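What follows is the residue order along each chain.
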Protein chains: 10
Amino acid sequence: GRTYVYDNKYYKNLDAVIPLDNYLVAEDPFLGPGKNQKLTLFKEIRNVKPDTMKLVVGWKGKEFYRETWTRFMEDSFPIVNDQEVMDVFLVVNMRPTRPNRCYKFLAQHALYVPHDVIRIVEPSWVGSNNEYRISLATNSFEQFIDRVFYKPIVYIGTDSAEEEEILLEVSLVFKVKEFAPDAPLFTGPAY
Amino acid sequence: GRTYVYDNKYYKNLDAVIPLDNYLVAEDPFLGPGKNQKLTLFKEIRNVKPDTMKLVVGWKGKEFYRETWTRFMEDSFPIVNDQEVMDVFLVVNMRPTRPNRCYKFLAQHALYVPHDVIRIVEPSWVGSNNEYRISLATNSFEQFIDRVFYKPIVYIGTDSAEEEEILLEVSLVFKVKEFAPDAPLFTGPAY
Amino acid sequence: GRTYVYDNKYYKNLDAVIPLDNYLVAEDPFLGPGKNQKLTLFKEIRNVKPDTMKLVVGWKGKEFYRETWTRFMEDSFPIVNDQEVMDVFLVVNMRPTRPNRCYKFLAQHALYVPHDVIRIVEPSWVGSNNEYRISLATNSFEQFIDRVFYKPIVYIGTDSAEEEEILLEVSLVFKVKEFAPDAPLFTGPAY
Amino acid sequence: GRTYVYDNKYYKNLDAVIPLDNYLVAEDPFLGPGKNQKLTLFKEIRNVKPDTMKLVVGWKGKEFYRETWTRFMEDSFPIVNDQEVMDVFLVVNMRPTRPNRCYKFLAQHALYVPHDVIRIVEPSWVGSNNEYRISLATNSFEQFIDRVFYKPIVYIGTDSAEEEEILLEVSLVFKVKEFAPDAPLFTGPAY
Amino acid sequence: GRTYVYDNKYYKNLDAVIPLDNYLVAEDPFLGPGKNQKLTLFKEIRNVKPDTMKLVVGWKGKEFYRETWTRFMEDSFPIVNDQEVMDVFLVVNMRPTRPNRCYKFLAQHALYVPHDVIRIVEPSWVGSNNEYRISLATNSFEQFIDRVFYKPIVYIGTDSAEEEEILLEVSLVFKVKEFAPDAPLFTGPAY
Amino acid sequence: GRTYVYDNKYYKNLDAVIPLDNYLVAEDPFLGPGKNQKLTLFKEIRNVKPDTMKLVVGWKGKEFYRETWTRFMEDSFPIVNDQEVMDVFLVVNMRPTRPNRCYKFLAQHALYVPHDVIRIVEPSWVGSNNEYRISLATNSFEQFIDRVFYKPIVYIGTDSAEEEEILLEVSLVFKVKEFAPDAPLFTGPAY
Amino acid sequence: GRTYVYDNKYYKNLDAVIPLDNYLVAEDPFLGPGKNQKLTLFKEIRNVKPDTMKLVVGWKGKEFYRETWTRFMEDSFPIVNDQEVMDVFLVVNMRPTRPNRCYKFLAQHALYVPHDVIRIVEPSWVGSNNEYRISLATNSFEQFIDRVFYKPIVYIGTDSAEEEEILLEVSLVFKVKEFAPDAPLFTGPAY
Amino acid sequence: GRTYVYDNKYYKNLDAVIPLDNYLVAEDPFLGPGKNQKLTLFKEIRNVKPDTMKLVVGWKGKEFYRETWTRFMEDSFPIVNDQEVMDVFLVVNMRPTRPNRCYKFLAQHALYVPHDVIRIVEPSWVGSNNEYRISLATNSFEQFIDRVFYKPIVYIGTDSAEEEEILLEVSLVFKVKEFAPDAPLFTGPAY
Amino acid sequence: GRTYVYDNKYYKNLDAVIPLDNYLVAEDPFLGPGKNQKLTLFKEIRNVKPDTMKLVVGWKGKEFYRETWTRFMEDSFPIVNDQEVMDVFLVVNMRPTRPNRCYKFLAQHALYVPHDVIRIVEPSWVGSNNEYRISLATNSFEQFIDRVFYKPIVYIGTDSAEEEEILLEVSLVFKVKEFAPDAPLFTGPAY
Amino acid sequence: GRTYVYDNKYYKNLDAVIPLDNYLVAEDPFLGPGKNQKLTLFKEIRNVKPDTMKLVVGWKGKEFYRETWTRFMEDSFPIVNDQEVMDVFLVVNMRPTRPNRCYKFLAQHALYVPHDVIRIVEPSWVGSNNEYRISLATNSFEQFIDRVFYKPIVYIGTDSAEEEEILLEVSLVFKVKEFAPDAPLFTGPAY
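What counts and how
Residues numbered from 1 in each chain as written, not as in the entry; some residues may be left out. Chains lettered and ligands numbered in written order. Part of a larger assembly, values for the part shown. Heavy atoms only, no water. Residues with missing side-chain atoms left out of burial classes, pairs and counts. Salt bridge = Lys/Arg side-chain N within 4 Å of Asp/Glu carboxyl O. Buried < 20%, exposed > 50% of the residue type's maximum accessible area, 1.4 Å probe, protein only. Patch = residues over 30% accessible without salt bridge, like charges linked within 9 Å, V, L, I, M, F, W, Y side chains within 5 Å. Areas by Shrake-Rupley, 256 points an atom, 1.4 Å probe, with all protein chains shown as cover. Helix = DSSP H or I, 4+ residues; strand = E, 2+ residues; numbered from the N terminus. Expected span 1.5 Å × (residues − 1). Least-squares fit on C-alpha atoms. Contact = heavy atoms within 4.5 Å. Pairing = 2+ DSSP bridges. Nonpolar A, V, L, I, M, F, W, Y, C, P; charged D, E, K, R; others polar. Buried area = accessible area lost by both parts, 1.4 Å probe. Polar contact = N/O pair within 3.5 Å; in protein donor to acceptor, adjacent residues only side chain to side chain.

In its metadata, the entry names X-ray crystallography as the structure determination method and reports 2.300 Å as the resolution.

(A) Structural context of the pattern of salt bridges. In total, this model carries 172 salt bridges over all chains according to the counting rule given. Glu84(D) serves as the salt-bridge partner of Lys177(D), at 3.3 Å between the closest nitrogen and oxygen. According to the relative accessible area criterion, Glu84(D) is partly exposed, its value standing at 30%. One connected set of salt bridges, linked through shared partners, spans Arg98(A), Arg101(A), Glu162(A), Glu164(A), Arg98(G), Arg101(G), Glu162(G) and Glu164(G).

(B) Focus on a nonpolar patch on the surface. On the surface, a nonpolar cluster with roughly 310 Å² of combined accessible area is contributed by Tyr4(C), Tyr6(C) and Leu24(D). On the accessibility criterion, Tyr6(C) (53% relative accessible area) is exposed.

(C) The arrangement of helix 2 (residues 61-76) of chain D in detail. Counted at 1.5 Å a residue, the expected span for helix 2 of chain D with its 16 residues is 22 Å, and the 22 Å between its end C-alpha atoms agrees. Turning to helix 2 of chain D, its buried residues are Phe64(D), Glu67(D), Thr68(D), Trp69(D), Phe72(D), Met73(D) and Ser76(D).

(D) Region of interest: the relation of the copies chain A and chain F. Mapping chain A onto chain F leaves a residual RMSD of 0.0 Å; the transformation is a rotation of 180° accompanied by 0.0 Å of translation along its axis. The relationship between the two copies is best expressed as a two-fold rotation axis. Across chain A, the smallest distance between a C-alpha and the rotation axis is recorded for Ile18(A), namely 13 Å. Comparing contact sets, 100% of the residues at the interface of chain A also lie at the interface in chain F, consistent with an isologous, same-surface contact.

(E) Fine view of the relation of the copies chain J and chain I. With an RMSD of 0.0 Å, chain J superimposes on chain I once it is rotated by 120° and translated 0.0 Å along the axis. Here the copies are linked by what is in effect a three-fold axis. Within chain J, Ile18(J) has its C-alpha nearest the rotation axis, a separation of 19 Å.

(F) Expanded view of the sheet that holds strand 5 (residues 52-55) of chain B. Residues and elements named next belong to chain B. Taken in spatial order, the 5 strands line up as 8-5-11-7-9 in an open sheet, and their pairing is antiparallel. Strands at the two margins of the open sheet, each flanked by one partner only, are strand 8 (117-119) and strand 9 (124-125). As judged from the 2 bridges shared by strand 7 (residues 105-110) and strand 9, these two strands associate in the antiparallel manner. What sits directly across from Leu 106, in strand 9, is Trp 125.

(G) Main features of the sheet that holds strand 9 (residues 124-125) of chain D. An order of 8-5-11-7-9 (chain D) is seen for the 5 strands of this open sheet, with the pairing classed as antiparallel. The open sheet has two edge strands with one neighbour each: strand 8 (117-119) and strand 9 of chain D.

(H) Broad picture of the arrangement of the chains. One thing to see here is that chain F and chain G don't touch, and their nearest C-alpha atoms sit 31 Å from each other. The two partners chain C and chain H share no contact, and the minimum distance between any of their C-alpha atoms is 31 Å.

(I) Just the interface of chain A and chain F, in detail. The interface of chain A with chain F comprises 22 residues on the first partner and 22 residues on the second. When contributions to the side of chain A that touches chain F are tallied by element, the ones reaching two or more residues are strand 2 (9-13), helix 1 (14-17), strand 3 (23-27) and strand 6 (82-96) of chain A. In terms of residues, the side of chain A that touches chain F owes the most to one element, strand 3 of chain A, which gives 5 residues. Considered class by class, the residues forming the side of chain A that touches chain F number 13 nonpolar, 2 polar and 7 charged. Relative to strand 3 (residues 23-26) of chain F, strand 2 of chain A runs antiparallel, the two being bridged by 3 bridges. Bridge pairing in strand 3 of chain F links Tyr11(A) to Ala26(F).

(J) How the structure looks around the interface of chain J and chain I. Taken together, the contact pairs 19 residues of chain J with 8 residues of chain I. With both chains or domains summed, chain J and chain I bury close to 1200 Å², and 49% of this area falls on carbon and sulfur atoms. When the buried surface of chain J facing chain I is broken down by residue, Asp28(J), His109(J) and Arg133(J) rank first, second and third, together holding 30% of it. Where chain J touches chain I, the interface holds 1 salt bridge. A salt bridge links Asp28(J) to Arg2(I), with the nearest nitrogen and oxygen atoms 2.8 Å apart. For the interface between chain J and chain I, the tally reads 9 residue pairs in polar contact. Every element with two or more residues in the side of chain J that touches chain I is listed here: strand 6 (82-96), strand 7 (105-110), strand 9 (124-125) and strand 10 (131-135) of chain J. When residues in the side of chain J that touches chain I are grouped by element, the largest group, 5 residues, is from strand 10 of chain J. Its residues assigned to classes, the side of chain J that touches chain I comprises 8 nonpolar, 7 polar and 4 charged.

(K) Structural context of unusual backbone geometry. A cis amide bond links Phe77(B) to the next residue, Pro78(B), at an omega of 0°. Inspection of the secondary structure puts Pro78(B) in the loop between helix 2 (61-76) and strand 6 (82-96). With a phi angle near 40°, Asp7(C) is a residue other than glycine that sits in the positive phi range. With respect to the secondary-structure elements, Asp7(C) resides in the loop between strand 1 (3-6) and strand 2 (9-13). When its relative accessible area of 80% is taken as the criterion, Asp7(C) is described as exposed. A positive phi angle is found at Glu122(H), which is not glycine, with a value near 45°. Here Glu122(H) shows up in the loop between strand 8 (117-119) and strand 9 (124-125).

In structure tokens form, the structure reads like this:
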């Protein structure tokens, strides 16, 4: 948009001259409000037979809570501001250990000792990001137990007609709402 | 895609030669993971006056729990594997008893003795499948009570300007996550 | 569609002669079933610095519950029919106090004394309706406390590179399911 | 169109969420009101020279009326209900006696002894159904004559540059308006 | 479509390799079967006032029949073959006597002495061909009267807001079905 | 654009989720900067023969300047602010005196006694607004002459094949750039 | 296309009323002129390492000619009519022995003892039909040698990053031009 | 594209201001490089029965070579420049002897006495140009034999269900590459 | 476009085988013929009230000419070739001093002491480049005055409903037509 | 494709939720199977008159074979693996020696002393790559002659109406099928 004046005659550039409302969709939590904090717990290789699923993790509650508290605190310390853990996601990331394989990943979870191997029965189909993301929603682990999110068990399979070797990566993704005051950090003594 | 070789000259068939990412949508529960188990409880005929809704079911808690436990166990026994009831849906299926009628179904629920007849006030509009699906989330019924999902009441109406006779079918649809081990059934003694 | 008969020959007007199914979307609560009841609590002017958010409301629980019970009962009395409060939304409506300003509103909530001023960290982006709507789900306030929804705190900011004066309006929007019987109101004595 | 309720939140399926008036055209009589009754009178083979048409039928009035009354009554008896003959169509169906011939059929009618062979002069062009349909609108044939539709003569040709052998089928198609009472047939004596 | 053979390999040119059914429409009579014979009777100039129509022709029956028989026979004699007059159309062709005029022609007919001037009342609108075509369906005129089509009267107007001078041409268009035998004309004596 | 929060899960409305540069064009002066002031000078009826143009105005310079100064000053007095006459347009507005006429207007101007009637020779074609707009760029008329825009002559014709009566309206349209200070009008004495 | 006549008025159905030339392409031989005769010679399983190709067939000329003559004659005898072998294609059909594998087949041929294993160097890419088709153009095998098409060697590989087990089927496809006289087969003696 | 200059301001006309790469196709030989020379050898009428083909030409080699040498030399003499016969095509042009016939032509060739009549077995389908073009690639005929292109036999049929009379025209089309020097023709003696 | 020859057969790549005229538009002067020379004169900050415009520059003629001559000569010296100043543009470039402001710029010019502040009356609307470009068309400044383009005054405003602080940059853009001979620069003495 | 689980409710990202077969085309040899080896023989400048072609190369057979053997062996030695020369292309690359010339290249070849200059007669048109590619399909040159591809002559012209100077580059492009065993190169002695 450009203007020119020639003896009270004005010029402009030619180029410049030339239902669903009732519904809502949820925002992706990792893309939505709050910070993302990924704590990778472990790696695992499983070989899965067709029409079966293998147990990914079989921790007792005390071990799940010890691993969660330890890893979160070791990574986060010092917690400098008031913050809220909006949610904790158990993330299972899958990949083939072999190239030139074409199949889809299958998963199911639950929130006694679980079966190591189960048959596929109406599973959840894992998308192309090959990740199954499960919503699970102190000074010492002792105080964490004294002051009293679900303990997950997960099964992974494929829709393949042959045995498949899978590499699994299990993580905890924390959704954190940080309340950092409009206050600077000063070297002591302040002022 | 076809290939031909004629004296080091290669040939191929002519025919062969010639934003929203931030958001999520929930999967339909009946189409999603887990098995579907429909227990039809009863059939009912109601005549509904314009601008009114009639009570479909007025069971006491003890009767709702007796009917649910009895029908589920009678249908399922023996429960052979570890399983989880993900959810229980109260399904109300509606149909006109007369042909050549054009109107939409209206519904409302709640989770003292309820009114048999109420006035329509900002109802839920039932879709073209003519079904209103409400999420409600042992050895004897006694043990089921001893070990301690909501008790629903439902109203059905029409947007019709005349009285309408409706046939109602009330069911419980269970969402079941079955954990069947990779283990066969053998005639005893095994091996 | 018009028909004419001329000596057993029939005539008609020329003009008359000439995947996504697996998923669900939630209905907007204010547009969906149940009545809407808006109780405006107060108005507030805040001046917000770039990259910061100011506290909108810092009521103690007892004050939040006193304000909610008082305003709801004063507005609703007499409650003539059986009704259910489906949900309570804390609505924060924002507007600039100045014209010719172009920026987007930013918000974050939480359900000790909160900080008056915080830094913007992965906030929720407020849409073009300039409203942040938070789901929060007796005879005297004493009976309301004796018989025992969350207490919200909200921060508002802008993505502006300059200081901005904002006018805020805080309301409670109640979602009400009214069960009005098919019964008239008669002057006493009835019949 | 499917609806789901989860704790007072409503869901719907995504797929369900996503001049010439001044004029009239006549309805095809065979497709329009009234029954169709086809009485095939005869078959005929004619060889037609280019630019000429041959006489299909040269019956005297008395023979046309004898053939019509006889064939209609022999086919229809007993006429059980009140009925009206809306119209009578003389239908001439044409086909080549040879395969691999490509030409169009030509026709002309009239309602002294007619010429057997005439020259083509501004004829009617027969369509791809190869049928020329001409609208022509008692106890004994004697009573039919005593109580007193036109007698047709028809010529058929081709636009071919060679002699063509044609197979002709001549029929009478009656348009019948039946007035069958809402009354059953009982074995005598009735009741 | 071209084909080439090179040592049992076949080649083809690349370019060669790459509801309303229930209704009928009448064919335009002048374009349809039968010959057209135009007998122009006379020319006439009329000046028509806005919202009025002037009488085009006011002949007595005897004059209409004398003019028709005389003009048809004078033009046609000798009638060499058997023929049928399918129909007679009274054609009124209109044109402005002045250039640079923009208006539409209006017409009405009827099949006592008629009024010379009438008011326009729900007329027929003449199309862009500026022609109003009305279907009207011996040795001496005496024999034509002795052996015993309607006598038309026509009014023409305009939708103009001023007086308009119109040139009218009145004709009779005959639709003739000629039955010319497949027989030559020989100089006498034949053979 | 609407936002909802349900237990740290964020929601948005579905509808909201879903060369020539080198050249310039002049702005229409009547639509462009500066005020418009129309002084209608006179009305005139002319009858124009085909292929000819008639003189609209034949004023001497002194009369053109007297008429312009008088009409402008009589209309404008008092000139309260500093202003600049950017341009003066001689506007000739044309219309037929008769309805139902279809032709285009033709014009030519010039800035001895002119011919009253000229032949059409490569004229300017007047557009559908039927206006020909010609750019022409004190206390007493005497001072206006003492202190010392062109004097126009205009011809109007038609492309019609007949004589046409035209109604002409001749005006002067002034383009005025007003410099009104940011100062109020006070009743004397001020303050 | 249907026609109707009503009192000399004709009716028709409404529905019926409403560069690269310089070049040639070769016809697919199996789809083109001449009969197809497939003689399957053998089946073979090969395991191919990434970036390598394995020899499919390493027959001496005498063995290739013995296998070809024997299989063709055993299948064809008696050759009842004059015929011409237009061409002989060596067809190598490939398939994975495992499901859920995604890769493309690679091939190369040649028309001393060949290497069993070679490296992939600018190969021919096999299309989606997984077939590599190579054009190769008596009473006893002795007479076939006495009266004196090329002897092929073929390599097959994949573009896979892992070792792949392939099932190969090697065939000879004959293109046969049969000249069967217009003469019947009679039981002897004829006539 | 037009340019105008008005006092250092430049003007231009408004109208002026406003995969398959890996493959080759052969050029049609008659449209491609080299001259075309058509020598028509003979005309022939054949009547072909359905599902049969008739022999077009049954010349002995000596006759084919005599006819070819004689016709080529008689037509070409004197051969004034160095030239190369790129190819010789046997062209068979077909046409029906009767009008109003719709069928496709069928052909087959071969390069003992051949059968006059054969059955159609997987023929070549002749395109809409009705031509079958077969590539066949001295001072006296004696020298042509002394110094030592194939001898063709051709069959023609139709896909017709009746007997068809065909007119055949057999030609030889020569593809000639002429090397005419950049040298004039002078009357002797030159210079 | 690629060509291949195989034994007199030619190949080509497949990919290669597959009103307003009456008017003119002016070319943008800065993009059109002649060089551009920008002499920035000064920077200025103005605060403009809604519905008002502030004076940008109020130089006397002698100061405008002194500033123009001085700046042009200081920048250009030495003028080595014959050149023509086609035009001089007064360019006023505007920008807000604050971010997050949305309004359009308004301007007016004129070519006594002018008012510092005027009311907006039919202004020129400044385009998105935020520039108002006004066409204005020796050895010492004394000689420049002795040998004898307009002196501009400019007002700038906004369409804003609040007071706005604007940063203005005033420049002179010269359009220069340089006539540099086809002659080199040599160090003296030449040759 | 991303999946989320919230209390047995499954979520997916919205974005993820939303004839010629009978013919073959030859693959470009330089893009198809086998390696490419370009041996540039020489450069040449020719001036070609309109409607004429100049001889590019006039080598005797012995010189063509000496140049080919020498250049191929000098470039290739040592030939380390078994290889097959699939084809040899004579490539003539053309370019103008002058800029701002617009014409197309013309070519013709042949496989006595040839004329240096010939007239253009039905040539091959060279495409936009300006290359004419002609398919032409030991220890010492003596052994190459002792053990016994065509010798080409090429003419180049233009469709220009003036004389044109052309730069020509003549090369031999070899198509090589390398059979490199799956065997490494070891320093002697191996193992």
